[PDB]
Structures are given as structure tokens and as C-alpha cells.
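Participant: If you scroll down you'll find the structure; I have some questions about it.
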Amino acid sequence: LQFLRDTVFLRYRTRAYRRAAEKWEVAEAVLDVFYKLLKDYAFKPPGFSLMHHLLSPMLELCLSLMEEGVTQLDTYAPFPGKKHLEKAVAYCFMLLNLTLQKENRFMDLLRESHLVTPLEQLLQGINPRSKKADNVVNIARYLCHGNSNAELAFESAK
Amino acid sequence: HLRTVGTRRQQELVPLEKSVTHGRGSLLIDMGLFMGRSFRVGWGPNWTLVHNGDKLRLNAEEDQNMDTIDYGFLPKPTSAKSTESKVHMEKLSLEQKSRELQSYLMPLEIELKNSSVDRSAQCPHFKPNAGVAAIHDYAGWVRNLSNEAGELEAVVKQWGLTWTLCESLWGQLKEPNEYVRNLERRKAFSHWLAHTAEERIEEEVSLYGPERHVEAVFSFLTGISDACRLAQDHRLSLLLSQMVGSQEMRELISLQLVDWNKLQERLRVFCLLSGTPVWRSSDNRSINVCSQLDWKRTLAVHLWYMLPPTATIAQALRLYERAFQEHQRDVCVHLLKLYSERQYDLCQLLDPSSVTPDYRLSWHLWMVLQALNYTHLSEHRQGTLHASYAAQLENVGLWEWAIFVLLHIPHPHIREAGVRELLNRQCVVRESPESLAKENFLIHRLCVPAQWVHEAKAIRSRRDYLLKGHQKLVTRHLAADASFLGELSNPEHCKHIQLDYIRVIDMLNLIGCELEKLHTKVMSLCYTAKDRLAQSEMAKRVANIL
Amino acid sequence: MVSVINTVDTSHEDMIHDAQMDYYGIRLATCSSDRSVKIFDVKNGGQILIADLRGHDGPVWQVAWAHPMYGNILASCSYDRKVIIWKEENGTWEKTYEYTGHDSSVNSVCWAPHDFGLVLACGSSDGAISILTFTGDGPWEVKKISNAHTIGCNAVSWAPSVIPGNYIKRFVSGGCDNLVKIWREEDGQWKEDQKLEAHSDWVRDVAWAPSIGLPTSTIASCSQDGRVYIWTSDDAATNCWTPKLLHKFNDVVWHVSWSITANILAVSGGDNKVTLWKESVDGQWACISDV
């Protein structure tokens, strides 16, 4: 799990540098992996560590994706790119929503386990980060509203 | 009871061992999580404990394979191990190879024209004849043609020199006729010695000259007119021409010059014309030369000057030989020692002779000498040794010559029972599978005539037919063959041998199937076998349908 | 000690006791301490498994292929007190017979030279050897020798088939009493022709070298003392076995085997190493090489 996630963020910059079509696909694969991780969500401590990993650079990456989406609405289509890009956007939307309901129960439990302190910091530091920084996601939502293509709009409103 | 007590002691040790293991788990137990840096532990002991349990007092102790297995090989080895791999993929080439190179088919074939054989109603034999002459010719022409290649080098030259010192000397030494024969042997050996100490004196003495300084004058003398011309010491020049002269000049010039020097690259020249260069410790010059020069270079001096009596050359040679000492394996040297010998005494030196031998040359050498009467070799240990060496040489397809030798060697029997077994192995299957062509027929032809062809063919069939055997089991074969000519041949073989019911059925077939079955039943009277016959008939019907 | 030796040798990969090549060099039967008799095939130098004949309650010790004149037969003995004979009928590697006539472990097996018939000799750790003789069908009659060796038998080796040209066969075996007993058989029963005491401890293995047609029959033996002796008979029919020391190692020698042509001894034992030995032209044995 560590190897793939590390590769994927690096590749996304790597994907962008070479071949827009092939970078996008890698990003879509990463989004799929994230979705799988969400579905999946000693052992409890490992889960807490994973939650901590999920909650600053990773948060920024989602923001970068949102910025790409804001760029995206204006130009391209590119449906195959759009599906993968669209799918990635949907995954980003869903993970925060799916994660948040899970996260509040999850984070408190992690804190209880800590009675670990660093992971708790994620509860503290992670919470501060979440508010954002709101604008970039919001712009993407506005673009989705302008598009009126459906979907994306639900995840944006939720 | 003692063993039981030891087990009781062994059992106690095990309990102690168990306690120690428990302590290790107790002391070594490691519990880091979720993920922790790895730490040392006695992980290995647990793994060894299971093995010890599998091995399991006295019994377990003397029941643990020290390794522990040994693999025995025929032609030739196999592999084995236990163990760093337990098989080795040997790349053919490795160490031993000189023997193989020396025994390149030809070293055998050529010798076969000379050996001859006794053709009879069965296994033949061998015969002797101008053996020496034969060996001389082959070694001659062969050696000459060999003196032209492009690889190895050093090795080839050494081999050639050894062969020349072996066969050469042998022949050279196989009332004025004795005087003339010694002059002729001395004449052949002299130049021979020079050629031997060549290349070494060749480029070597070359530089020596084109270099500096003295000594060379002595080295040219070991090689005379060109040396004198290059040197051109007027008085020394006249004395130098007395070399090659066995004349009683020796003593005079010897002592007188030494005395003159005492009263007062020249004394060494005088030591040579004295004719006793090394054994005369009085001059103390040509012994001390042993560190400087090859033993072969010092031999050449003895052979060339030792003295006019044409036997004294060999004398002094043997001398300097048994003389050297620094602080055995020189082949070319050991041939000289063999040559310097006389005969008889067979009971010791005949005994290192085996050392030397231990391949094909040694065999041929002993055989010619024994047959010729010059050296009656003997007999069974020497033959055992030749037999494995010849078999090692077959491995790569040396079988026919070895078989012939085995037949001739005997003796007078028992060997045949072994040679026949070897032939059977040779054609058990692979013989029948590798011979399935034209390569087998020639080999079969080559071996001394015997009715061994049917025997080899039959073995091949068994591994993988009835007609070949002719040239219960037969019934089974008939059932499989529920082609026609072969079946007829099998029937003929059965008749020759004379299942009776089956034979009757076969006769009926030769003369329908149901009638044959009835005949078989009648034969049985005067059934699983019947069922088998029915199955064979069904198979035949299937074949007909196909 | 033994524990120290075990510590020194961790074992890179699982281990096996004995493993013998087939006649014709096609197959390679093996056995290990896991009770499993694996038959591999070696076509072109590559090892390929064909069957895992499982069936022993204890670790299999030694293994021996029968002569191909009787079809394809392989026999293996074990610490379970039993000996198994596996036949082959079209790839049908089934056991056609099983023998359980010894009360303690069976250290070794060996097949009589193919002329004598299909005789299998077997030495137990009870101190008894059981020999199985083949008849017409699946019956096997046993000729048992009780109290052959004092505290048990480790090695069994057949004398080469020597034509009297009315046939006499001699077999010599080693055991844990230090004695290398030879054996003589008449009408049926086997009697000890002679004892050979030169070892100072348990005889491990005893190999009767194949005669190169040569009448100077030799036998090799190795023991817990760490000595290897090459006992010799100077002539036919003279009850003189004169032992000669090959070498002594500070550690035990486990196994000894004769190479066919040159009479090279493969000495397995001591330091996990196996040595190769040839008798020189001088009668002293020398080590050719380290494997």
C-alpha cells in the first residue's frame, strides 16, 4: 500500500510532465486505489496510522486536482480523458464525504488509543487543514454547475 | 544397558536443551508493533530442533548421515555431493586432458594395423611383429605432422620431446658391430639431445649472444664451427676442435691446465675436454652450473663429451640425472631414467614403471617389450590399469578397440564373461537407440567376429523383436501383435525351441479367428490367457478398422 | 560436539539421506527424513519430479534400484521397521510387496547381482538381516539371519557375481559391534565365513568394490573412529582379508562408494566434504580432489 501511493502522487507530476493521456490514466488508477482503500476502511493502530497518512501534502494534491478541474471545465472533451478525469474528480468528492463520516468516529477512537501522539496531531493538524483553502473546490463545483452534466454536481452539493 | 544409560543421559541433555531453548525464547522473545526495527534472536535453533526431532539416544546418534552418501560411477563418474549444490554440471574441459589428447583414436587405429588378430569361429586375439618398426614409423610420421598446429604450444612441444626420449632411446638401444652400433646410437642421440635442448638454447642463447657476455662461449659448445667463427683466443680455438673427439687428450690438458692456473671461461672449456665435467669435483665448475642451467642442458654436455668410449655418454647422463636436487614429475626426465636402466630385477623398478604409466603409450610400450622378449612385462595389475584408462578414453566412443584388447588380454577366460557383459551394456538400449542407423553397423562389423550381434540386438528390444531374438513373453508379444513376416519369424523361433495352444493357434493362422481361439482352448485342455487373446483379437480388429 | 556441528551447519536447503541413480542413468530416486521417497528424472542434466512415494512411519535411510531385467523396481528401507518394493506398470508406481520382519529400524538395503536372481538383502538395527527372494508371482520368501551383529547392522553390500567357470556368492556387512562380517550361503542358509575387526567403533558403511574382471577382490569400510580401511584378498579361495588404512579424519565418515572403472573411492564424511581417492602405482592411497 505504501509503495503504490508513493508512486502515484509522484507519477501524477510525472504523468503531467510526459503524455497528458497517460498521466491522466495513472491519476485515475490512483483514484481507484483510493476508492478501494475507502472500501477497506496492532491492526487498529495500523488503521489509525493510515488515517493519519490520509489526513498536508495529500490534502494539497486534492486541491491541485480541483484546480485542474477548474481549468478542465473551460476546455477539452476528450471524453476518455474526461471519464478518467471525471472519475478522479468523483473519487475526490466521494472520499472526503465517505471519509468524513468514518473519520469522526475513527479519529476519536485513534485519540483514545493514543491516550500515537503524532497521529493525534493529525486529528488536530488535519482538522485545521480541512477547512481550507475552500475556494479551489468551490470553483470546481461552480464549473460543474455551469456544465450541467449531472453527477459531479451531487458530490459538490453534498 | 549402557546405550540405554547414555540415552538417559542423552535424554537428560535434551531436557537441558529444551530448557535452554525455553530460556532463549524467554530471553529472546521480541514483541514490537505495529512495525518495529528488526532485532536479533535465536531463530535458527528452532529450525535445528525440528531437524533433530526428525533424526530421532544411541540410535539417533549413529543414525545421522555424516553427510552422508557416496555415488559410484561407471563410464565414468556421475556427480554425488550432499552437497554445496548435490550434482555438478561439469563443463567437459577442466583438468585431466593430456591423456585424452594423446589417445586420439588414431593413437589406436594405427597401432591396430600393426597388432593384427586371430580370426576364428568366435572371439579373436592379437599377434606381434616388427612391432618396433611399426611404432617407429607411426611415431615418426605422426610426430612430424603434429609439429604443425596453432594452440597450446608449450604442452605440444613437451609431449613431442617426451615421445622422442621414449621411443627414440628405446629403438637406439633395443665384435666391432657393437662398436659401430654404439657410434650410430651415440650419433642419433647427440643431435637428438641438441634438438631437445633447442628452443631453450634457441631464443635463449640467441638473446645470450645478442647480449653478454662469457658463458655463451660455453653455451655455443653445448650447441662448433659457428661458435668458433662467432668467437673469432687462438690457442683455445685449436683445443675446441678436439671436442667431439673421444681421444685420450682429456687427462693431459685437464690436469696440466689446472696445475698451471693454480701456480698462477677457460677452465670450464678444459673441464669439457677432460671428458669428466661434473663427476670430477676437483674442478668444482660443472656441478655448480646445475643452478644456472637446465638439467637437460647439463645432460647434453655429458652425452656430447663424457668420453670416446661409446657407452660412457649414457653413463654420465644417468649420472647428472640421479645427481640434480633442489629444495620427479618431469616426464622427459623419467623416460631417461627408464632408458638408463638395463633389465631383470623385476620386483621394484618394474614397480615405479607403473607410476610412470599411470596412458595408451605406456600400454603399447609394455606390450611390445614383453612380446619382443626385450622386456617381459607382467601382468594383471598393469592390465587392470590399462583397461580403466582405455575405458576412460572410450567414454567419448572408444568401445571397439577396448573390446578387442579385452578379448586378447584375458586370460585365459573369465575376462570374456566381463567383456561380453560390457558389450551387453553398450547395447542394452542406447546401443539400440543410438545404433538405430548406419553408425552401429560399422562398429558391429569392426569388432572381432562372434555371434554377439543377436545378443546386443535382443537387449535393445527388451529396453524398448521376436525375430531378432530368434536370430510366456512370446505369448505376450503375440497378444500385442494380435509385421506378419516378423510374426512368422517368431513362430519359426518357437518351433526351433520346441503356450502349446497358442502355438497351435499361430499354426492355424499360418495355414478364422474364432477357430484359432478354439484350437488354443484345445491346446489348453491338452481363462485369463484366453481373455488376453480375445483382447488381442479386438486390437487387431481395431487396426483393421483404422 | 554434535550440537556444535549442528550449529555450524544451519542447512541452506532441506536435506536427504541417500539418493541413487537408476541403471541406464535415466531416473534418480531420493529419500529424506520427511518419510518421502521421491523419484526424479534427469534427462539432459535437468531434475524433474515424477512421484512422491509416501508410506514409511519413520525417516527413509538407504534406497536401491533393481536391475532393469526385472522391469522397473525400486526398494527403500526405513526407521519404521518396514521395507517397501515399488514396481512400475505404465507409470503405475504402486508397491507390489512390503516386508516388516525386523523389530528395529532398517539401516540399509542392496540388490544381489542380477544373475543370482532378484534377491534383496536388508540389515536391521535389531542385529538381524532379512533377505527377500523373488518367486513366480507376488510371493516373496524370506531367509532371515538373527543376531548377525551385536547391537545392530548399518551396512549391507553384495559381493560381485563371480562365475565358478556350482555358483558361490559372498556378502560382507558392517555394524555397530565394529565387525565387518562377510557371509557365505550354501543351499539356502547364510553363515558367517569370517569376521573383520579393525575399527575401534561403529562400522558406518561397507562397500564391495566391483571386480574389473580382476580376481583381487577389495572391500572398503568407514566408521565412527574416522578411519577408512580397504580390506584386500590376495587370491581366490584363501580366507585372508588384510586391511590397509586409507586415511583417518578427526570426524566420522558416513558413506563410501566405488567408482566403476578406476576403483576410485568416494569418501563422504568428516567436515561436510567428500573426497575422491585412487590407489597410486605405489600401493598408497591418495586424495585426487575435494568435491
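Residue numbers (the numbering used here), protein chains in the order written: chain F, 1 to 158; chain H, 1001 to 1546; chain Z, 2001 to 2291. Each residue gets a CB set at the ideal place from its N, CA and C atoms; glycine is no exception.
If we define contact as Cβ-Cβ less than 8 Å, is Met1089/H a contact residue for chain Z?
Facilitator: Yes - at least one Cβ of chain Z is within 8 Å of the one on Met1089/H.
Participant: 8 Å is my cut-off, CB to CB: does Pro46/F come that close to chain H?
Facilitator: Interface residue, yes.
Participant: At the 8 Å Cβ level, is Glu1062/H part of the contact set with chain Z, yes or no?
Facilitator: Yes, contact with chain Z.
Participant: Please return the same chain residues whose Cβ sits closer than 8 Å to the Cβ of residue 1982/Z, not counting the five positions on each side in sequence.
Facilitator: Here chain Z has residues from 2001 to 2291 only, and residue 1982/Z is not among them.
Participant: Extract the residue ranges of the alpha helix (DSSP H) inside the segment 69-114 of chain F, only unbroken runs of 4 or more that lie entirely within it.
Facilitator: List check, alpha helix (DSSP H) in window: 79-114.
Participant: With 8 Å set as the bound, which would you pick, yes or no: does the beta-carbon of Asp2022/Z sit closer than that to a beta-carbon of chain H?
Facilitator: Chain H, which has no Cβ nearer than 8 Å to the Cβ of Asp2022/Z, makes this no.
Participant: Decide if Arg2054/Z is buried, meaning its Cβ has at least 16 other Cβ atoms within 10 Å, or exposed.
Facilitator: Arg2054/Z comes out exposed.
Participant: Could you round the C-beta distance between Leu1407/H and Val1448/H to whole angstroms and report it? I think they count as a contact, below 8 Å.
Facilitator: About 6 Å; that satisfies the 8 Å criterion.
Participant: If the criterion is Cβ atoms closer than 8 Å, does the pair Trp2061/Z and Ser2078/Z meet it?
Facilitator: Yes, the Cβ-Cβ distance between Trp2061/Z and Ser2078/Z is below 8 Å.
Participant: Would you mind telling me which residues of chain H sit closer than 9 Å to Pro2059/Z, beta carbon to beta carbon, in chain order?
Facilitator: The contacting residues are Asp1054, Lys1055, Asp1063.
Participant: Within 7 Å: the Cβ of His1302/H and any heavy atom of the ligand ADP?
Facilitator: Inclusion of the ligand ADP in the displayed structure is not the case, the ligand content being empty and no account of it being possible.
Participant: Return the CA-CA distance between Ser2268/Z and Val2274/Z, expressed in angstroms with no decimal places.
Facilitator: The alpha-carbon atoms of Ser2268/Z and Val2274/Z are separated by roughly 4 Å.
Participant: Starting from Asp2018/Z, find everything on chain H with Cβ-Cβ shorter than 7 Å and list it in chain order.
Facilitator: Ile1069, listed in chain order.
Participant: Within 10 angstroms of the Cβ of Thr1196/H, are there 16 or more other Cβ atoms? Answer buried if so, exposed if not.
Facilitator: Result: buried.
Participant: At a Cβ cut of 7 Å, what residues of the segment 1362-1392 of chain H count as close to chain Z, listed as they run along the chain?
Facilitator: Within the segment 1362-1392 of chain H, the qualifying residues are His1380, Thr1384, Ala1387, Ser1388, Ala1391, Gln1392.
Participant: If you reduce the DSSP assignment to three classes, tell me which class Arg141/F lands in.
Facilitator: Note: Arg141/F maps to helix in three-state DSSP.
Participant: Terminal residues of the continuous beta strand (DSSP E) containing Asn2107/Z?
Facilitator: It spans 2106-2111 - the beta strand (DSSP E) in which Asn2107/Z sits, taken as one unbroken run.
Participant: Under 8 Å, with one C-beta from each stretch per pair, do the segment 2253-2263 of chain Z and the segment 1376-1394 of chain H reach the 3-pair mark?
Facilitator: At 8 Å Cβ cutoff, the stretches touch.
Participant: Going by the beta-carbon positions, is the gap between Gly2101/Z and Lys2144/Z smaller than 8 Å?
Facilitator: Yes, the pair counts as a contact, with Cβ atoms nearer than the cut-off.
Participant: Ordered along the chain, which non-local residues of its own chain (more than five positions away) have a Cβ less than 6 Å from that of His1454/H?
Facilitator: Result list for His1454/H: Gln1471, in chain order.
Participant: With 8 Å as the threshold, decide whether the Cβ of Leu1033/H is near any Cβ in chain F.
Facilitator: So, interface residue.
Participant: Just grab the DSSP bridge partners of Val1504/H for me.
Facilitator: BP columns for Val1504/H are empty, so no partner.
Participant: Determine whether the Cβ of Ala90/F lies closer than 8 Å to any Cβ atom of chain H.
Facilitator: Judged by the 8 Å Cβ criterion, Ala90/F is not in contact with chain H.
Participant: Do you know offhand how far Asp1294/H's Cα is from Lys1337/H's?
Facilitator: For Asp1294/H and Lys1337/H, the distance between alpha carbons rounds to 16 Å.
Participant: Does any residue of chain H have a CB that is nearer than 8 Å to the CB of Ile2039/Z?
Facilitator: It does not; no Cβ of chain H falls within 8 Å.
Participant: With DSSP run on the structure shown, which of helix, strand or coil describes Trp2241/Z?
Facilitator: Correct three-state label for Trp2241/Z: coil.
Participant: For a contact meaning CB atoms closer than 8 Å, what does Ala1130/H contact in chain Z?
Facilitator: Simply none; closest approach about 30 Å.
Participant: Taking the continuous alpha helix (DSSP H) assigned at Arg2204/Z, which residues delimit it?
Facilitator: Premise fails: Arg2204/Z lies in the beta strand (DSSP E), 2203-2208, not in any alpha helix (DSSP H).
Participant: So, does the CB of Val2008/Z fall closer than 8 Å to a CB anywhere in chain H?
Facilitator: No, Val2008/Z lies away from the interface with chain H (no Cβ there is under 8 Å from its Cβ).
Participant: Assuming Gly2046/Z is part of the alpha helix (DSSP H), what are its boundary residues?
Facilitator: Counting along the chain, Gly2046/Z falls outside any alpha helix (DSSP H), though it belongs to the beta strand (DSSP E) covering 2046-2054.
Participant: Consult DSSP for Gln2062/Z and reduce its assignment to one of helix, strand or coil.
Facilitator: Here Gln2062/Z sits in strand by DSSP.
Participant: Any beta carbon from chain Z within less than 8 Å of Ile1403/H's own beta carbon?
Facilitator: False, the Cβ-Cβ gap to chain Z never drops below 8 Å.
Participant: Which class does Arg1235/H belong to by DSSP, given the choice of helix, strand or coil?
Facilitator: DSSP places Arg1235/H in helix when its eight states are reduced to three.
Participant: Answer yes or no: do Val2172/Z and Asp2205/Z have a C-beta to C-beta separation smaller than 8 Å?
Facilitator: No, the pair does not count as a contact, with Cβ atoms beyond the cut-off.
Participant: Going by DSSP, what residues sit across from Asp1464/H in a beta bridge?
Facilitator: Note: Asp1464/H sits in no beta bridge, so no partner.
Participant: Would DSSP call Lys1521/H helix, strand or coil?
Facilitator: Correct three-state label for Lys1521/H: helix.
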